[PDB]
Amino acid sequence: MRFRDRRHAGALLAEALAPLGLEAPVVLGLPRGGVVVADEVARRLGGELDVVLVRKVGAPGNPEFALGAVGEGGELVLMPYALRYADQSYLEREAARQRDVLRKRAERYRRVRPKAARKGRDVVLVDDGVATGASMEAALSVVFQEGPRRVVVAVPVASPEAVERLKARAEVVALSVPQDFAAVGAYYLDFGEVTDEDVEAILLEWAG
């Protein structure tokens, strides 16, 4: 496909989601470009926009392989096989390093918009694209432990591989899944930078 920009993809995504019957959904966008797509979706579906703040906890010597994830609240969420690939002390060391990467950014975002409730509500996870699904999987791991009524992964474009990984864990809504997936930015005419200040500006509109 080929979107003009992130707002354009967000509009089309909201339209693909409308038939699902979500009720006043909490639309969570992955930082940073994903927040733009998420905001447009939230506005079109009459939902509430917020950001999902998480980090993947990778395996020893193999960071690309996830053994769990840590959320902005500090909680460590491990996959069923984590201990089969590493000992608890390593997991604790890795978790601490990931908390550091997330801390300052989470503090500034939360200063302008407090974490919206997710328990018992319909939750939509959004990003402007998914090449491998690493971050999205971490997001799912944390969100699932929060007791949401329903979880839907929604993305403008995704690689076949990413879709399979995510679809194995949740309902997935993807507008395009090119068999020859290049890079996320290749499917946007305007793939400009979205700064932390831009994310803060968006988040401010949703605070009380």
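Residues carry their position along the shown sequence, with the first being 1.
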Q: Output the stretch having the higher mean C-alpha B factor in the entry; the candidates are 114-122 and 97-105.
A: 114-122
Q.
Quick check: 135-143 versus 173-181, which has the larger average CA B-factor in the record?
A. 173-181
Q. With respect to the C-alpha temperature factors reported in the PDB entry, which of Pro156, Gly68, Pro31, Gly61 ranks highest?
A. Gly61
Q | Ranked C-alpha temperature factor of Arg6 among modelled chain residues, by third | A | lowest
Q. Lowest, middle or highest third of the chain for the C-alpha temperature factor of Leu13?
A. lowest
Q: Please place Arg43 in the lowest, middle or highest third of its chain by C-alpha B factor as given in the entry.
A: lowest
Q | Assigned third (lowest, middle, highest) for the C-alpha B factor of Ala201 | A | lowest
Q.
Quick check on the deposited entry: does the C-alpha B-factor of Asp128 sit in the lowest, middle or highest third of its chain?
A. lowest
